[PDB]
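A.B. asks: Structure: model.txt, compact mmCIF, N, CA and C atoms.
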```
# COMPACT_ATOMS: atom_id res chain seq x y z
N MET D 1 -7.29 13.14 10.36
CA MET D 1 -6.34 13.98 11.15
C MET D 1 -4.90 13.54 10.88
N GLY D 2 -4.02 13.74 11.83
CA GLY D 2 -2.60 13.33 11.63
C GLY D 2 -2.54 11.86 11.22
N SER D 3 -3.53 11.09 11.58
CA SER D 3 -3.52 9.65 11.21
C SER D 3 -3.47 9.50 9.69
N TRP D 4 -4.42 10.06 8.99
CA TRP D 4 -4.41 9.95 7.50
C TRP D 4 -3.23 10.73 6.91
N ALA D 5 -2.56 11.52 7.70
CA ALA D 5 -1.40 12.30 7.17
C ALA D 5 -0.23 11.36 6.86
N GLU D 6 0.03 10.42 7.72
CA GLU D 6 1.16 9.47 7.46
C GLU D 6 0.76 8.42 6.43
N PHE D 7 -0.50 8.05 6.40
CA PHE D 7 -0.95 7.03 5.41
C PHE D 7 -0.81 7.57 3.99
N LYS D 8 -0.90 8.86 3.82
CA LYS D 8 -0.77 9.45 2.46
C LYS D 8 0.70 9.44 2.02
N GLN D 9 1.61 9.60 2.94
CA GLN D 9 3.05 9.60 2.57
C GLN D 9 3.49 8.19 2.18
N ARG D 10 2.79 7.19 2.64
CA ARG D 10 3.17 5.79 2.29
C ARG D 10 2.74 5.46 0.86
N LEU D 11 1.54 5.83 0.50
CA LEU D 11 1.05 5.54 -0.88
C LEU D 11 1.99 6.17 -1.91
N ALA D 12 2.61 7.27 -1.57
CA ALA D 12 3.54 7.93 -2.53
C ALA D 12 4.89 7.21 -2.52
N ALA D 13 5.24 6.61 -1.41
CA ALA D 13 6.54 5.89 -1.34
C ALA D 13 6.54 4.70 -2.30
N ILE D 14 5.40 4.09 -2.51
CA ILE D 14 5.33 2.93 -3.44
C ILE D 14 5.26 3.41 -4.89
N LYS D 15 5.06 4.68 -5.11
CA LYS D 15 4.98 5.19 -6.51
C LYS D 15 6.38 5.30 -7.13
N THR D 16 7.37 5.58 -6.33
CA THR D 16 8.76 5.70 -6.89
C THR D 16 9.43 4.33 -6.97
N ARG D 17 9.39 3.57 -5.91
CA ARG D 17 10.04 2.23 -5.93
C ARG D 17 9.48 1.38 -7.08
N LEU D 18 8.18 1.31 -7.20
CA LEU D 18 7.58 0.51 -8.30
C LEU D 18 7.83 1.19 -9.65
N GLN D 19 8.35 2.39 -9.65
CA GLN D 19 8.63 3.07 -10.95
C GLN D 19 9.81 2.40 -11.63
N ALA D 20 10.62 1.68 -10.89
CA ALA D 20 11.79 0.99 -11.49
C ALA D 20 11.46 -0.48 -11.78
N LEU D 21 11.40 -1.30 -10.76
CA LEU D 21 11.09 -2.74 -10.97
C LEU D 21 12.14 -3.41 -11.85
N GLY D 22 13.25 -2.75 -12.08
CA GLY D 22 14.33 -3.39 -12.87
C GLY D 22 14.93 -4.45 -11.95
N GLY D 23 14.98 -4.14 -10.68
CA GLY D 23 15.49 -5.10 -9.68
C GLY D 23 14.33 -6.02 -9.31
N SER D 24 13.15 -5.45 -9.26
CA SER D 24 11.91 -6.22 -8.93
C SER D 24 12.08 -7.13 -7.71
N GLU D 25 12.64 -8.29 -7.90
CA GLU D 25 12.84 -9.27 -6.77
C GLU D 25 13.23 -8.56 -5.46
N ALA D 26 14.13 -7.63 -5.51
CA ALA D 26 14.54 -6.92 -4.26
C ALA D 26 13.76 -5.61 -4.10
N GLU D 27 12.97 -5.25 -5.07
CA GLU D 27 12.20 -3.97 -4.98
C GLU D 27 10.78 -4.22 -4.46
N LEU D 28 9.93 -4.78 -5.27
CA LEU D 28 8.53 -5.01 -4.82
C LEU D 28 8.42 -6.29 -3.98
N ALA D 29 9.51 -6.83 -3.51
CA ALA D 29 9.42 -8.02 -2.63
C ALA D 29 8.94 -7.51 -1.27
N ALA D 30 9.56 -6.46 -0.80
CA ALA D 30 9.14 -5.85 0.48
C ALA D 30 7.75 -5.25 0.28
N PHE D 31 7.42 -4.87 -0.94
CA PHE D 31 6.06 -4.30 -1.20
C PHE D 31 5.00 -5.21 -0.60
N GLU D 32 5.01 -6.47 -0.98
CA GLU D 32 4.01 -7.43 -0.44
C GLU D 32 3.96 -7.33 1.08
N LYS D 33 5.09 -7.23 1.72
CA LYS D 33 5.09 -7.11 3.20
C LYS D 33 4.38 -5.81 3.62
N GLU D 34 4.23 -4.89 2.71
CA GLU D 34 3.55 -3.60 3.05
C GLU D 34 2.03 -3.78 3.01
N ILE D 35 1.47 -3.96 1.84
CA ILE D 35 -0.03 -4.13 1.73
C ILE D 35 -0.55 -5.06 2.83
N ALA D 36 0.26 -5.97 3.29
CA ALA D 36 -0.20 -6.89 4.38
C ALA D 36 -0.44 -6.07 5.65
N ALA D 37 0.48 -5.22 6.00
CA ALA D 37 0.30 -4.38 7.22
C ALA D 37 -0.70 -3.24 6.93
N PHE D 38 -1.17 -3.14 5.71
CA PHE D 38 -2.14 -2.06 5.38
C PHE D 38 -3.55 -2.46 5.84
N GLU D 39 -3.79 -3.73 6.01
CA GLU D 39 -5.13 -4.17 6.46
C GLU D 39 -5.16 -4.28 7.99
N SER D 40 -4.22 -4.99 8.55
CA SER D 40 -4.18 -5.13 10.04
C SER D 40 -4.06 -3.75 10.70
N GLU D 41 -3.43 -2.82 10.04
CA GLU D 41 -3.27 -1.46 10.62
C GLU D 41 -4.47 -0.58 10.26
N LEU D 42 -5.04 -0.77 9.10
CA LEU D 42 -6.22 0.05 8.69
C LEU D 42 -7.24 0.15 9.82
N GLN D 43 -7.35 -0.86 10.63
CA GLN D 43 -8.33 -0.82 11.75
C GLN D 43 -7.64 -0.34 13.04
N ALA D 44 -6.37 -0.61 13.17
CA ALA D 44 -5.65 -0.18 14.41
C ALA D 44 -4.93 1.16 14.20
N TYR D 45 -5.16 1.82 13.09
CA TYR D 45 -4.47 3.12 12.86
C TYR D 45 -5.16 4.25 13.65
N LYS D 46 -6.36 4.02 14.11
CA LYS D 46 -7.07 5.08 14.88
C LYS D 46 -8.16 4.42 15.72
N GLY D 47 -9.15 5.15 16.14
CA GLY D 47 -10.24 4.53 16.95
C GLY D 47 -10.78 3.33 16.16
N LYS D 48 -11.09 3.56 14.90
CA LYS D 48 -11.61 2.47 14.01
C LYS D 48 -12.12 3.09 12.71
N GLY D 49 -11.29 3.85 12.05
CA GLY D 49 -11.72 4.50 10.78
C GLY D 49 -12.12 3.43 9.76
N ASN D 50 -13.37 3.08 9.72
CA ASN D 50 -13.82 2.04 8.75
C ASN D 50 -14.17 2.68 7.40
N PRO D 51 -14.96 3.72 7.43
CA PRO D 51 -15.34 4.41 6.18
C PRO D 51 -14.21 5.34 5.73
N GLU D 52 -13.63 6.05 6.66
CA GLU D 52 -12.51 6.98 6.31
C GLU D 52 -11.44 6.24 5.51
N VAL D 53 -10.76 5.30 6.12
CA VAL D 53 -9.71 4.56 5.37
C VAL D 53 -10.34 3.60 4.35
N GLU D 54 -11.64 3.45 4.37
CA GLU D 54 -12.30 2.53 3.39
C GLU D 54 -11.83 2.87 1.98
N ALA D 55 -11.85 4.12 1.62
CA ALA D 55 -11.40 4.51 0.25
C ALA D 55 -10.01 3.93 -0.01
N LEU D 56 -9.19 3.85 1.01
CA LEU D 56 -7.83 3.29 0.83
C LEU D 56 -7.89 1.77 0.66
N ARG D 57 -9.06 1.19 0.79
CA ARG D 57 -9.17 -0.29 0.63
C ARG D 57 -9.39 -0.62 -0.85
N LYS D 58 -9.91 0.31 -1.60
CA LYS D 58 -10.14 0.06 -3.05
C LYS D 58 -8.87 0.39 -3.85
N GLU D 59 -8.20 1.45 -3.49
CA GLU D 59 -6.95 1.83 -4.21
C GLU D 59 -5.84 0.83 -3.89
N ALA D 60 -5.64 0.55 -2.63
CA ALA D 60 -4.57 -0.42 -2.25
C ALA D 60 -4.82 -1.77 -2.94
N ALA D 61 -6.04 -2.04 -3.32
CA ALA D 61 -6.34 -3.33 -4.00
C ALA D 61 -5.61 -3.39 -5.34
N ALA D 62 -5.79 -2.41 -6.17
CA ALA D 62 -5.09 -2.41 -7.49
C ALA D 62 -3.58 -2.32 -7.28
N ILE D 63 -3.15 -1.89 -6.13
CA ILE D 63 -1.69 -1.79 -5.86
C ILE D 63 -1.08 -3.18 -5.64
N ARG D 64 -1.90 -4.17 -5.41
CA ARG D 64 -1.37 -5.55 -5.19
C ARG D 64 -1.23 -6.29 -6.52
N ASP D 65 -2.28 -6.35 -7.29
CA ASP D 65 -2.21 -7.07 -8.60
C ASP D 65 -1.13 -6.45 -9.49
N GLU D 66 -1.22 -5.17 -9.75
CA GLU D 66 -0.20 -4.51 -10.60
C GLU D 66 1.20 -4.81 -10.06
N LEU D 67 1.30 -5.11 -8.79
CA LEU D 67 2.63 -5.41 -8.20
C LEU D 67 3.04 -6.85 -8.53
N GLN D 68 2.11 -7.67 -8.94
CA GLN D 68 2.47 -9.08 -9.28
C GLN D 68 3.27 -9.12 -10.59
N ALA D 69 3.11 -8.14 -11.44
CA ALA D 69 3.87 -8.13 -12.72
C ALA D 69 5.26 -7.52 -12.52
N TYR D 70 5.34 -6.50 -11.71
CA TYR D 70 6.66 -5.83 -11.44
C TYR D 70 7.68 -6.85 -10.93
N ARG D 71 7.22 -7.97 -10.43
CA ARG D 71 8.17 -9.00 -9.92
C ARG D 71 9.20 -9.35 -11.00
N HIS D 72 8.83 -9.25 -12.25
CA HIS D 72 9.79 -9.58 -13.34
C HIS D 72 9.56 -8.66 -14.55
N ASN D 73 9.57 -7.38 -14.34
CA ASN D 73 9.35 -6.44 -15.47
C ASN D 73 10.68 -5.79 -15.88
```
The structure in this file should be written as structure tokens.

C.D. replies:
Amino acid sequence: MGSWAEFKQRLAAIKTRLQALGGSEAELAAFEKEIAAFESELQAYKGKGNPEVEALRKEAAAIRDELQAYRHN
């Protein structure tokens, strides 16, 4: 419902910022602070969407490692 509506706008917000990474240190630095709130909120974003947001647990995973290189790309 409206819950997954805002979560979709966030995944797209990281697609543009990480598109540069020329600044990196000041760009994907806040990124790490994001994926962190993606787990604690994944359960508190609604009654308890475990399977629903579950798919977002596999995609957000690759969003962390690939972000380790942008730190200095």

A.B. asks: Could you write out, as JSON, numbers by chain, all the residues of chain D that DSSP marks as helix (DSSP H, G or I)?

C.D. replies: {"D": [2, 3, 4, 5, 6, 7, 8, 9, 10, 11, 12, 13, 14, 15, 16, 17, 18, 19, 20, 24, 25, 26, 28, 29, 30, 31, 32, 33, 34, 35, 36, 37, 38, 39, 40, 41, 42, 43, 44, 55, 56, 57, 58, 59, 60, 61, 62, 63, 64, 65, 66, 67, 68, 69, 70]}

A.B. asks: Please indicate the distance in Å from atom C of residue 63 in chain D to atom N of residue 48 in chain D, rounded to one decimal place.

C.D. replies: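 Going from atom C of residue 63 in chain D over to atom N of residue 48 in chain D covers 23.8 Å.
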
A.B. asks: Give me, as a list in words, all polymer residues having an atom no more than 8 Å from range 33-45 of chain D, counting only N, CA and C atoms and skipping those fewer than 5 positions away in the same chain.

C.D. replies: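 With the cut-off at 8 Å, the set is residues 3, 4, 28, 50, 53, 54, 56, 57, 60, 63 and 64 of chain D.
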
A.B. asks: Every residue with an atom at most 10 Å from (15.8, -8.4, -11.1) (file coordinates; only C-alpha atoms) is what I'm after, so could you write them as an MDAnalysis selection string?

C.D. replies: chainID D and resid 21:27 70:73

A.B. asks: Pull the neighbourhood of (6.0, 4.6, -6.7) for me: all residues within 12 Å in file coordinates, counting only C-alpha atoms, as a list in words.

C.D. replies: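 Residues lying no farther than 12 Å from the given point: residues 9, 10, 11, 12, 13, 14, 15, 16, 17, 18, 19, 20, 21, 27, 28, 31, 63, 66, 67 and 70 of chain D.
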
A.B. asks: Work out how far apart CA of residue 1 in chain D and atom N of residue 55 in chain D are and give it in Å to one decimal.

C.D. replies: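 Interatomic distance, CA of residue 1 in chain D to atom N of residue 55 in chain D: 14.8 Å.
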
A.B. asks: Measure the distance from CA of residue 30 in chain D to atom C of residue 65 in chain D in Å and round it to one decimal.

C.D. replies: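 Result for CA of residue 30 in chain D versus atom C of residue 65 in chain D: 14.3 Å, one decimal.
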
A.B. asks: How about completing range 10-28 of chain D with N, CA, C and O atoms and giving it to me as a compact mmCIF listing (two decimals), in the coordinates of the input?

C.D. replies:
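Once written, selection21.txt looks like this:
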```
# COMPACT_ATOMS: atom_id res chain seq x y z
N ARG D 10 2.79 7.19 2.64
CA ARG D 10 3.17 5.79 2.29
C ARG D 10 2.74 5.46 0.86
O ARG D 10 3.48 4.88 0.10
N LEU D 11 1.54 5.83 0.50
CA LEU D 11 1.05 5.54 -0.88
C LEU D 11 1.99 6.17 -1.91
O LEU D 11 2.16 5.68 -3.01
N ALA D 12 2.61 7.27 -1.57
CA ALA D 12 3.54 7.93 -2.53
C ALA D 12 4.89 7.21 -2.52
O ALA D 12 5.60 7.20 -3.50
N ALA D 13 5.24 6.61 -1.41
CA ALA D 13 6.54 5.89 -1.34
C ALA D 13 6.54 4.70 -2.30
O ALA D 13 7.55 4.33 -2.85
N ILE D 14 5.40 4.09 -2.51
CA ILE D 14 5.33 2.93 -3.44
C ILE D 14 5.26 3.41 -4.89
O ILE D 14 5.39 2.64 -5.82
N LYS D 15 5.06 4.68 -5.11
CA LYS D 15 4.98 5.19 -6.51
C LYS D 15 6.38 5.30 -7.13
O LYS D 15 6.56 5.13 -8.32
N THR D 16 7.37 5.58 -6.33
CA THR D 16 8.76 5.70 -6.89
C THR D 16 9.43 4.33 -6.97
O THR D 16 9.99 3.96 -7.99
N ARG D 17 9.39 3.57 -5.91
CA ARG D 17 10.04 2.23 -5.93
C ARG D 17 9.48 1.38 -7.08
O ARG D 17 10.22 0.80 -7.86
N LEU D 18 8.18 1.31 -7.20
CA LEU D 18 7.58 0.51 -8.30
C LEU D 18 7.83 1.19 -9.65
O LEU D 18 7.57 0.62 -10.70
N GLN D 19 8.35 2.39 -9.65
CA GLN D 19 8.63 3.07 -10.95
C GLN D 19 9.81 2.40 -11.63
O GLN D 19 10.01 2.52 -12.83
N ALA D 20 10.62 1.68 -10.89
CA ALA D 20 11.79 0.99 -11.49
C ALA D 20 11.46 -0.48 -11.78
O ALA D 20 11.26 -0.86 -12.92
N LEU D 21 11.40 -1.30 -10.76
CA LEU D 21 11.09 -2.74 -10.97
C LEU D 21 12.14 -3.41 -11.85
O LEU D 21 11.98 -4.54 -12.28
N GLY D 22 13.25 -2.75 -12.08
CA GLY D 22 14.33 -3.39 -12.87
C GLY D 22 14.93 -4.45 -11.95
O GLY D 22 15.30 -5.53 -12.37
N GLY D 23 14.98 -4.14 -10.68
CA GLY D 23 15.49 -5.10 -9.68
C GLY D 23 14.33 -6.02 -9.31
O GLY D 23 14.50 -7.20 -9.09
N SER D 24 13.15 -5.45 -9.26
CA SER D 24 11.91 -6.22 -8.93
C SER D 24 12.08 -7.13 -7.71
O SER D 24 11.69 -6.78 -6.61
N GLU D 25 12.64 -8.29 -7.90
CA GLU D 25 12.84 -9.27 -6.77
C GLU D 25 13.23 -8.56 -5.46
O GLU D 25 12.71 -8.87 -4.41
N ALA D 26 14.13 -7.63 -5.51
CA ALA D 26 14.54 -6.92 -4.26
C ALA D 26 13.76 -5.61 -4.10
O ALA D 26 13.89 -4.92 -3.10
N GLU D 27 12.97 -5.25 -5.07
CA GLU D 27 12.20 -3.97 -4.98
C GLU D 27 10.78 -4.22 -4.46
O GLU D 27 10.44 -3.89 -3.33
N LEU D 28 9.93 -4.78 -5.27
CA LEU D 28 8.53 -5.01 -4.82
C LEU D 28 8.42 -6.29 -3.98
O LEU D 28 7.33 -6.76 -3.71
```
